[PDB]
file data.pdb (PDB, N, CA and C atoms)
ATOM      1  N   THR J 153      44.910 -22.653   2.427
ATOM      2  CA  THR J 153      43.982 -21.737   1.794
ATOM      3  C   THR J 153      42.627 -22.078   2.236
ATOM      4  N   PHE J 154      41.745 -21.074   2.061
ATOM      5  CA  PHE J 154      40.398 -21.081   2.545
ATOM      6  C   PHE J 154      39.477 -21.236   1.333
ATOM      7  N   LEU J 155      38.800 -22.360   1.137
ATOM      8  CA  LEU J 155      38.018 -22.678   0.028
ATOM      9  C   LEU J 155      36.581 -22.457   0.507
ATOM     10  N   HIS J 156      35.683 -21.934  -0.394
ATOM     11  CA  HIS J 156      34.324 -21.661  -0.139
ATOM     12  C   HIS J 156      33.535 -22.986  -0.035
ATOM     13  N   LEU J 157      32.736 -23.212   1.002
ATOM     14  CA  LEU J 157      31.919 -24.449   0.957
ATOM     15  C   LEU J 157      30.473 -23.955   1.295
ATOM     16  N   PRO J 158      29.472 -24.440   0.518
ATOM     17  CA  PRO J 158      28.099 -23.980   0.518
ATOM     18  C   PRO J 158      27.523 -23.790   1.856
ATOM     19  N   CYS J 159      26.866 -22.697   2.114
ATOM     20  CA  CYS J 159      26.119 -22.447   3.313
ATOM     21  C   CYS J 159      24.778 -21.810   3.039
ATOM     22  N   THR J 160      23.818 -22.063   3.977
ATOM     23  CA  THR J 160      22.436 -21.514   3.874
ATOM     24  C   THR J 160      21.865 -21.409   5.262
ATOM     25  N   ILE J 161      20.854 -20.552   5.490
ATOM     26  CA  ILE J 161      20.257 -20.372   6.798
ATOM     27  C   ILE J 161      18.962 -21.253   6.597
ATOM     28  N   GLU J 162      18.623 -21.970   7.640
ATOM     29  CA  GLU J 162      17.636 -22.988   7.559
ATOM     30  C   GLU J 162      16.886 -22.972   8.896
ATOM     31  N   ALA J 163      17.494 -22.585  10.006
ATOM     32  CA  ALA J 163      16.853 -22.395  11.313
ATOM     33  C   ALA J 163      16.593 -23.752  11.914
ATOM     34  N   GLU J 164      16.781 -23.783  13.293
ATOM     35  CA  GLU J 164      16.220 -24.922  14.028
ATOM     36  C   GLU J 164      14.757 -24.691  14.214
ATOM     37  N   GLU J 165      14.022 -25.778  14.559
ATOM     38  CA  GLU J 165      12.626 -25.793  14.905
ATOM     39  C   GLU J 165      12.384 -25.027  16.177
ATOM     40  N   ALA J 166      13.193 -25.072  17.211
ATOM     41  CA  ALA J 166      13.022 -24.438  18.486
ATOM     42  C   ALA J 166      13.270 -22.908  18.360
ATOM     43  N   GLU J 167      14.155 -22.568  17.401
ATOM     44  CA  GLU J 167      14.481 -21.246  17.022
ATOM     45  C   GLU J 167      13.329 -20.631  16.321
ATOM     46  N   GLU J 168      12.643 -21.412  15.498
ATOM     47  CA  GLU J 168      11.594 -20.983  14.607
ATOM     48  C   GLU J 168      10.522 -20.162  15.246
ATOM     49  N   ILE J 169      10.133 -20.535  16.442
ATOM     50  CA  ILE J 169       9.068 -19.996  17.147
ATOM     51  C   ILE J 169       9.298 -18.546  17.423
ATOM     52  N   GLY J 170      10.473 -18.195  17.830
ATOM     53  CA  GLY J 170      10.833 -16.838  18.035
ATOM     54  C   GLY J 170      10.979 -15.980  16.765
ATOM     55  N   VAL J 171      11.370 -16.664  15.619
ATOM     56  CA  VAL J 171      11.631 -16.051  14.306
ATOM     57  C   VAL J 171      10.305 -15.561  13.839
ATOM     58  N   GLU J 172       9.207 -16.311  14.078
ATOM     59  CA  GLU J 172       7.844 -16.011  13.747
ATOM     60  C   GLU J 172       7.244 -14.839  14.531
ATOM     61  N   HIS J 173       7.628 -14.859  15.819
ATOM     62  CA  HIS J 173       7.237 -13.821  16.764
ATOM     63  C   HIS J 173       7.855 -12.432  16.368
ATOM     64  N   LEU J 174       9.152 -12.273  16.126
ATOM     65  CA  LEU J 174       9.864 -11.091  15.879
ATOM     66  C   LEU J 174       9.621 -10.570  14.494
ATOM     67  N   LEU J 175       9.489 -11.456  13.414
ATOM     68  CA  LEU J 175       8.996 -11.028  12.109
ATOM     69  C   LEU J 175       7.471 -10.691  12.223
ATOM     70  N   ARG J 176       7.152  -9.374  12.296
ATOM     71  CA  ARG J 176       5.764  -8.947  12.117
ATOM     72  C   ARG J 176       5.711  -7.971  10.980
ATOM     73  N   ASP J 177       6.722  -8.032  10.071
ATOM     74  CA  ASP J 177       6.714  -7.182   8.887
ATOM     75  C   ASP J 177       6.067  -7.827   7.633
ATOM     76  N   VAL J 178       5.601  -6.988   6.615
ATOM     77  CA  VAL J 178       4.780  -7.590   5.547
ATOM     78  C   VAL J 178       5.539  -8.538   4.667
ATOM     79  N   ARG J 179       6.869  -8.383   4.621
ATOM     80  CA  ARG J 179       7.788  -9.182   3.843
ATOM     81  C   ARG J 179       7.642  -9.007   2.382
ATOM     82  N   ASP J 180       8.550  -8.151   1.824
ATOM     83  CA  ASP J 180       8.702  -7.878   0.424
ATOM     84  C   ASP J 180       9.109  -9.040  -0.340
ATOM     85  N   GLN J 181       9.931  -9.946   0.284
ATOM     86  CA  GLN J 181      10.249 -11.257  -0.319
ATOM     87  C   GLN J 181       9.956 -12.237   0.717
ATOM     88  N   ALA J 182       9.015 -13.140   0.434
ATOM     89  CA  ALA J 182       8.473 -14.135   1.244
ATOM     90  C   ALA J 182       7.928 -15.189   0.366
ATOM     91  N   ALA J 183       7.941 -15.010  -0.949
ATOM     92  CA  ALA J 183       7.237 -15.834  -1.915
ATOM     93  C   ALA J 183       5.732 -15.916  -1.789
ATOM     94  N   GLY J 184       4.937 -14.801  -1.615
ATOM     95  CA  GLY J 184       3.446 -14.730  -1.572
ATOM     96  C   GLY J 184       2.598 -14.913  -2.856
ATOM     97  N   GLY J 185       1.665 -13.921  -3.027
ATOM     98  CA  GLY J 185       0.695 -13.861  -4.052
ATOM     99  C   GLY J 185       1.254 -13.353  -5.391
ATOM    100  N   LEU J 186       0.408 -12.905  -6.427
ATOM    101  CA  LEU J 186       0.916 -12.553  -7.722
ATOM    102  C   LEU J 186       1.813 -11.384  -7.617
ATOM    103  N   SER J 187       1.386 -10.457  -6.734
ATOM    104  CA  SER J 187       1.968  -9.242  -6.468
ATOM    105  C   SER J 187       3.377  -9.379  -5.908
ATOM    106  N   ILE J 188       3.511 -10.359  -4.957
ATOM    107  CA  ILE J 188       4.738 -10.464  -4.236
ATOM    108  C   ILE J 188       5.829 -10.952  -5.155
ATOM    109  N   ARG J 189       5.475 -11.894  -6.053
ATOM    110  CA  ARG J 189       6.405 -12.512  -7.005
ATOM    111  C   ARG J 189       6.643 -11.684  -8.305
ATOM    112  N   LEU J 190       5.948 -10.584  -8.597
ATOM    113  CA  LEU J 190       6.255  -9.726  -9.699
ATOM    114  C   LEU J 190       7.339  -8.768  -9.235
ATOM    115  N   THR J 191       7.282  -8.324  -7.971
ATOM    116  CA  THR J 191       8.323  -7.552  -7.257
ATOM    117  C   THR J 191       9.628  -8.396  -7.215
ATOM    118  N   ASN J 192       9.519  -9.678  -6.900
ATOM    119  CA  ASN J 192      10.645 -10.610  -6.908
ATOM    120  C   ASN J 192      11.333 -10.797  -8.201
ATOM    121  N   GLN J 193      10.594 -10.906  -9.289
ATOM    122  CA  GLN J 193      11.124 -11.246 -10.577
ATOM    123  C   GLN J 193      12.012 -10.157 -11.089
ATOM    124  N   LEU J 194      11.646  -8.917 -10.871
ATOM    125  CA  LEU J 194      12.490  -7.809 -11.165
ATOM    126  C   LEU J 194      13.767  -7.757 -10.346
ATOM    127  N   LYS J 195      13.594  -8.107  -8.970
ATOM    128  CA  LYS J 195      14.654  -8.047  -8.005
ATOM    129  C   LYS J 195      15.735  -9.037  -8.321
ATOM    130  N   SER J 196      15.248 -10.244  -8.760
ATOM    131  CA  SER J 196      15.981 -11.364  -9.195
ATOM    132  C   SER J 196      16.842 -10.999 -10.397
ATOM    133  N   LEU J 197      16.357 -10.205 -11.478
ATOM    134  CA  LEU J 197      17.155  -9.854 -12.568
ATOM    135  C   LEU J 197      18.283  -8.939 -12.219
ATOM    136  N   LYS J 198      18.081  -7.921 -11.359
ATOM    137  CA  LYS J 198      19.122  -7.048 -10.977
ATOM    138  C   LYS J 198      20.117  -7.791 -10.102
ATOM    139  N   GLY J 199      19.738  -8.802  -9.228
ATOM    140  CA  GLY J 199      20.605  -9.706  -8.437
ATOM    141  C   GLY J 199      21.623 -10.341  -9.247
ATOM    142  N   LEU J 200      21.115 -11.076 -10.289
ATOM    143  CA  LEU J 200      21.989 -11.891 -11.155
ATOM    144  C   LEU J 200      22.929 -11.004 -11.887
ATOM    145  N   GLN J 201      22.411  -9.824 -12.321
ATOM    146  CA  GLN J 201      23.137  -8.963 -13.262
ATOM    147  C   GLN J 201      24.320  -8.387 -12.630
ATOM    148  N   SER J 202      24.200  -7.975 -11.356
ATOM    149  CA  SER J 202      25.303  -7.469 -10.596
ATOM    150  C   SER J 202      26.378  -8.574 -10.359
ATOM    151  N   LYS J 203      25.910  -9.861 -10.075
ATOM    152  CA  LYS J 203      26.773 -11.022  -9.796
ATOM    153  C   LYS J 203      27.635 -11.217 -11.038
TER     154      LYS J 203
ATOM    155  N   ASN S  35     -45.492  39.113 -13.806
ATOM    156  CA  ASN S  35     -45.442  37.875 -12.991
ATOM    157  C   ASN S  35     -44.035  37.559 -12.554
ATOM    158  N   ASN S  36     -43.795  36.533 -11.675
ATOM    159  CA  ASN S  36     -42.438  35.923 -11.297
ATOM    160  C   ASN S  36     -41.646  36.871 -10.469
ATOM    161  N   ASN S  37     -40.601  36.248  -9.910
ATOM    162  CA  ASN S  37     -39.701  36.788  -8.966
ATOM    163  C   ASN S  37     -38.545  35.877  -8.813
ATOM    164  N   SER S  38     -37.427  36.259  -9.487
ATOM    165  CA  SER S  38     -36.237  35.496  -9.513
ATOM    166  C   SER S  38     -35.119  36.449  -9.692
ATOM    167  N   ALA S  39     -33.987  36.031  -9.132
ATOM    168  CA  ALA S  39     -32.820  36.687  -9.485
ATOM    169  C   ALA S  39     -31.747  35.791  -9.879
ATOM    170  N   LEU S  40     -30.984  36.379 -10.844
ATOM    171  CA  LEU S  40     -29.825  35.777 -11.430
ATOM    172  C   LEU S  40     -28.638  36.168 -10.777
ATOM    173  N   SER S  41     -28.684  37.322 -10.035
ATOM    174  CA  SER S  41     -27.574  37.864  -9.286
ATOM    175  C   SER S  41     -27.001  36.874  -8.261
ATOM    176  N   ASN S  42     -27.962  36.193  -7.561
ATOM    177  CA  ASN S  42     -27.810  35.245  -6.439
ATOM    178  C   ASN S  42     -27.016  34.003  -6.858
ATOM    179  N   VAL S  43     -27.249  33.426  -8.005
ATOM    180  CA  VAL S  43     -26.566  32.171  -8.422
ATOM    181  C   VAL S  43     -25.153  32.384  -8.649
ATOM    182  N   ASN S  44     -24.816  33.457  -9.360
ATOM    183  CA  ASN S  44     -23.463  33.849  -9.711
ATOM    184  C   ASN S  44     -22.607  34.135  -8.525
ATOM    185  N   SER S  45     -23.233  34.826  -7.478
ATOM    186  CA  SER S  45     -22.618  35.098  -6.226
ATOM    187  C   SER S  45     -22.283  33.949  -5.470
ATOM    188  N   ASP S  46     -23.242  32.962  -5.499
ATOM    189  CA  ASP S  46     -23.095  31.685  -4.831
ATOM    190  C   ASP S  46     -22.019  30.824  -5.342
ATOM    191  N   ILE S  47     -21.739  30.956  -6.637
ATOM    192  CA  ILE S  47     -20.632  30.274  -7.320
ATOM    193  C   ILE S  47     -19.263  30.752  -6.822
ATOM    194  N   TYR S  48     -18.938  32.038  -6.697
ATOM    195  CA  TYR S  48     -17.683  32.566  -6.175
ATOM    196  C   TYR S  48     -17.514  32.359  -4.741
ATOM    197  N   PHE S  49     -18.620  32.494  -3.975
ATOM    198  CA  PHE S  49     -18.498  32.461  -2.580
ATOM    199  C   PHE S  49     -18.607  31.049  -2.133
ATOM    200  N   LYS S  50     -19.835  30.612  -1.898
ATOM    201  CA  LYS S  50     -20.199  29.328  -1.293
ATOM    202  C   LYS S  50     -19.703  28.044  -1.973
ATOM    203  N   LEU S  51     -19.675  27.926  -3.301
ATOM    204  CA  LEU S  51     -19.331  26.782  -4.120
ATOM    205  C   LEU S  51     -17.807  26.463  -4.051
ATOM    206  N   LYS S  52     -16.897  27.498  -3.991
ATOM    207  CA  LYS S  52     -15.559  27.288  -3.787
ATOM    208  C   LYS S  52     -15.173  26.513  -2.498
ATOM    209  N   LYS S  53     -15.992  26.668  -1.397
ATOM    210  CA  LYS S  53     -15.746  26.036  -0.120
ATOM    211  C   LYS S  53     -16.228  24.607  -0.213
ATOM    212  N   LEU S  54     -17.307  24.335  -0.987
ATOM    213  CA  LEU S  54     -17.695  22.964  -1.298
ATOM    214  C   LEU S  54     -16.609  22.298  -2.142
ATOM    215  N   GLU S  55     -15.899  23.095  -3.016
ATOM    216  CA  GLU S  55     -14.904  22.560  -3.909
ATOM    217  C   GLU S  55     -13.693  22.072  -3.144
ATOM    218  N   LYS S  56     -13.314  22.665  -1.992
ATOM    219  CA  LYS S  56     -12.265  22.187  -1.086
ATOM    220  C   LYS S  56     -12.633  20.797  -0.512
ATOM    221  N   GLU S  57     -13.999  20.688  -0.243
ATOM    222  CA  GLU S  57     -14.490  19.466   0.349
ATOM    223  C   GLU S  57     -14.412  18.284  -0.610
ATOM    224  N   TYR S  58     -14.694  18.457  -1.945
ATOM    225  CA  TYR S  58     -14.615  17.500  -3.011
ATOM    226  C   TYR S  58     -13.231  17.112  -3.249
ATOM    227  N   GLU S  59     -12.209  18.040  -3.015
ATOM    228  CA  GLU S  59     -10.811  17.625  -3.044
ATOM    229  C   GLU S  59     -10.419  16.601  -2.013
ATOM    230  N   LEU S  60     -10.978  16.688  -0.799
ATOM    231  CA  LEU S  60     -10.854  15.745   0.293
ATOM    232  C   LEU S  60     -11.433  14.396  -0.047
ATOM    233  N   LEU S  61     -12.606  14.301  -0.751
ATOM    234  CA  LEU S  61     -13.163  13.005  -1.151
ATOM    235  C   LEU S  61     -12.322  12.286  -2.155
ATOM    236  N   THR S  62     -11.509  13.113  -2.889
ATOM    237  CA  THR S  62     -10.445  12.588  -3.819
ATOM    238  C   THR S  62      -9.388  11.910  -3.019
ATOM    239  N   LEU S  63      -8.942  12.577  -1.965
ATOM    240  CA  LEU S  63      -7.989  12.045  -1.075
ATOM    241  C   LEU S  63      -8.347  10.760  -0.344
ATOM    242  N   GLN S  64      -9.666  10.679  -0.068
ATOM    243  CA  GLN S  64     -10.259   9.494   0.502
ATOM    244  C   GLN S  64     -10.186   8.363  -0.435
ATOM    245  N   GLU S  65     -10.450   8.608  -1.680
ATOM    246  CA  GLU S  65     -10.311   7.686  -2.783
ATOM    247  C   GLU S  65      -8.941   7.009  -2.870
ATOM    248  N   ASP S  66      -7.887   7.770  -2.659
ATOM    249  CA  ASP S  66      -6.548   7.314  -2.723
ATOM    250  C   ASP S  66      -6.182   6.386  -1.573
ATOM    251  N   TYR S  67      -6.691   6.780  -0.411
ATOM    252  CA  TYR S  67      -6.435   6.225   0.943
ATOM    253  C   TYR S  67      -6.926   4.785   1.051
ATOM    254  N   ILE S  68      -8.100   4.528   0.420
ATOM    255  CA  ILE S  68      -8.788   3.255   0.557
ATOM    256  C   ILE S  68      -8.254   2.312  -0.462
ATOM    257  N   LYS S  69      -7.258   2.700  -1.259
ATOM    258  CA  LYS S  69      -6.468   1.756  -2.143
ATOM    259  C   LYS S  69      -5.398   1.023  -1.333
ATOM    260  N   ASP S  70      -4.657   1.799  -0.448
ATOM    261  CA  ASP S  70      -3.568   1.409   0.429
ATOM    262  C   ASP S  70      -4.117   0.657   1.510
ATOM    263  N   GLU S  71      -5.331   1.056   2.015
ATOM    264  CA  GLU S  71      -5.988   0.328   3.069
ATOM    265  C   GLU S  71      -6.565  -1.033   2.674
ATOM    266  N   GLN S  72      -7.055  -1.184   1.471
ATOM    267  CA  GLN S  72      -7.466  -2.384   0.827
ATOM    268  C   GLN S  72      -6.392  -3.358   0.554
ATOM    269  N   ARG S  73      -5.245  -2.861   0.040
ATOM    270  CA  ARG S  73      -4.048  -3.634  -0.086
ATOM    271  C   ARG S  73      -3.557  -4.150   1.308
ATOM    272  N   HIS S  74      -3.657  -3.264   2.391
ATOM    273  CA  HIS S  74      -3.109  -3.659   3.644
ATOM    274  C   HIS S  74      -3.837  -4.844   4.287
ATOM    275  N   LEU S  75      -5.196  -4.841   4.271
ATOM    276  CA  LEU S  75      -6.014  -5.912   4.878
ATOM    277  C   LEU S  75      -5.842  -7.188   4.083
ATOM    278  N   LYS S  76      -5.443  -7.073   2.787
ATOM    279  CA  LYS S  76      -5.141  -8.153   1.886
ATOM    280  C   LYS S  76      -3.854  -8.717   2.446
ATOM    281  N   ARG S  77      -2.839  -7.935   2.949
ATOM    282  CA  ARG S  77      -1.621  -8.537   3.429
ATOM    283  C   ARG S  77      -1.843  -9.240   4.656
ATOM    284  N   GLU S  78      -2.625  -8.629   5.550
ATOM    285  CA  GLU S  78      -3.006  -9.141   6.841
ATOM    286  C   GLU S  78      -3.861 -10.388   6.763
ATOM    287  N   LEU S  79      -4.692 -10.561   5.754
ATOM    288  CA  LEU S  79      -5.729 -11.624   5.426
ATOM    289  C   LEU S  79      -4.930 -12.901   5.258
ATOM    290  N   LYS S  80      -3.802 -12.794   4.565
ATOM    291  CA  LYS S  80      -2.854 -13.840   4.226
ATOM    292  C   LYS S  80      -2.119 -14.241   5.467
ATOM    293  N   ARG S  81      -1.748 -13.238   6.211
ATOM    294  CA  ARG S  81      -1.010 -13.474   7.471
ATOM    295  C   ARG S  81      -1.888 -14.190   8.515
ATOM    296  N   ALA S  82      -3.206 -13.937   8.481
ATOM    297  CA  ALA S  82      -4.128 -14.551   9.399
ATOM    298  C   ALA S  82      -4.312 -16.000   9.119
ATOM    299  N   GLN S  83      -4.425 -16.295   7.820
ATOM    300  CA  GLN S  83      -4.646 -17.591   7.255
ATOM    301  C   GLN S  83      -3.515 -18.537   7.504
ATOM    302  N   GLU S  84      -2.269 -18.027   7.377
ATOM    303  CA  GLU S  84      -1.021 -18.700   7.787
ATOM    304  C   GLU S  84      -0.999 -18.961   9.217
TER     305      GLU S  84
END

call {"tool": "encode", "arguments": {"input": "data.pdb", "output": "structure tokens"}}
result
Amino acid sequence: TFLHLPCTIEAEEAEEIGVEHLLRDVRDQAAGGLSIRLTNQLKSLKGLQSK
Amino acid sequence: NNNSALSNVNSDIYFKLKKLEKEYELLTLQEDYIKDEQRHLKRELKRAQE
């Protein structure tokens, strides 16, 4: 059987440089200013609720 | 004495003032525009600093 084992995206450092280059979007979730995290807090409640 | 007409003001209101009124609607629109533009340079300001 196939058991779930924790995974996350973390990026290499050499990879990073290109990730920065190709992301030129404002980023709705990026963890910014007051504004960015009020949008998050709502998003976060509907995330959990569906789970 | 005097020389004035009242006819002229009233005419000016139907004719000429309505075309100025289209223009004041545009300054409303400008008002809206510079909210989104202010927010945008705020996003970019952060991006520059990073």

call {"tool": "resolve_selection", "arguments": {"input": "data.pdb", "expression": "the ChimeraX specification (/J@CA @<10) & /S@CA", "output": "list in words"}}
result
residues 74, 77, 78, 80 and 81 of chain S

call {"tool": "atom_distance", "arguments": {"input": "data.pdb", "atom1": "atom C of residue S:55", "atom2": "atom CA of residue S:67"}}
result
17.9 Å

call {"tool": "atom_distance", "arguments": {"input": "data.pdb", "atom1": "atom CA of residue J:170", "atom2": "atom CA of residue J:188"}}
result
24.0 Å

call {"tool": "decode", "arguments": {"input": "data.pdb", "residues": "stretch 41-52 of chain S", "atoms": "N, CA, C and O atoms", "output": "tab-separated table (two decimals), in the first residue's frame"}}
result
chain	number	residue	atom	x	y	z
S	41	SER	N	-33.35	85.70	-21.23
S	41	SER	CA	-33.55	84.70	-22.25
S	41	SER	C	-32.31	83.82	-22.47
S	41	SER	O	-32.36	82.62	-22.59
S	42	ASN	N	-31.14	84.52	-22.49
S	42	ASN	CA	-29.77	84.05	-22.78
S	42	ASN	C	-29.31	83.01	-21.75
S	42	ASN	O	-28.86	82.00	-22.23
S	43	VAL	N	-29.55	83.19	-20.48
S	43	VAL	CA	-29.05	82.25	-19.43
S	43	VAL	C	-29.70	80.96	-19.52
S	43	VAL	O	-29.07	79.92	-19.40
S	44	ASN	N	-31.02	80.96	-19.68
S	44	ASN	CA	-31.86	79.78	-19.78
S	44	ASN	C	-31.53	78.93	-20.96
S	44	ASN	O	-31.55	77.70	-20.89
S	45	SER	N	-31.22	79.61	-22.14
S	45	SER	CA	-30.79	78.98	-23.34
S	45	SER	C	-29.54	78.31	-23.23
S	45	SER	O	-29.34	77.24	-23.78
S	46	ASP	N	-28.60	79.00	-22.50
S	46	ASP	CA	-27.27	78.48	-22.22
S	46	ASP	C	-27.22	77.27	-21.39
S	46	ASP	O	-26.38	76.44	-21.65
S	47	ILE	N	-28.20	77.15	-20.50
S	47	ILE	CA	-28.40	75.97	-19.64
S	47	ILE	C	-28.77	74.72	-20.46
S	47	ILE	O	-28.11	73.69	-20.23
S	48	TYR	N	-29.72	74.71	-21.39
S	48	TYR	CA	-30.08	73.59	-22.24
S	48	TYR	C	-29.07	73.25	-23.24
S	48	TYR	O	-28.85	72.06	-23.41
S	49	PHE	N	-28.42	74.29	-23.81
S	49	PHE	CA	-27.54	74.05	-24.88
S	49	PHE	C	-26.19	73.77	-24.32
S	49	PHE	O	-25.75	72.62	-24.19
S	50	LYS	N	-25.42	74.83	-24.11
S	50	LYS	CA	-24.01	74.81	-23.74
S	50	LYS	C	-23.61	74.07	-22.45
S	50	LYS	O	-22.61	73.43	-22.42
S	51	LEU	N	-24.37	74.13	-21.36
S	51	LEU	CA	-24.12	73.58	-20.04
S	51	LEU	C	-24.22	72.03	-20.03
S	51	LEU	O	-23.45	71.37	-19.33
S	52	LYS	N	-25.16	71.40	-20.81
S	52	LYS	CA	-25.20	70.04	-20.97
S	52	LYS	C	-23.91	69.36	-21.51
S	52	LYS	O	-23.63	68.25	-21.13
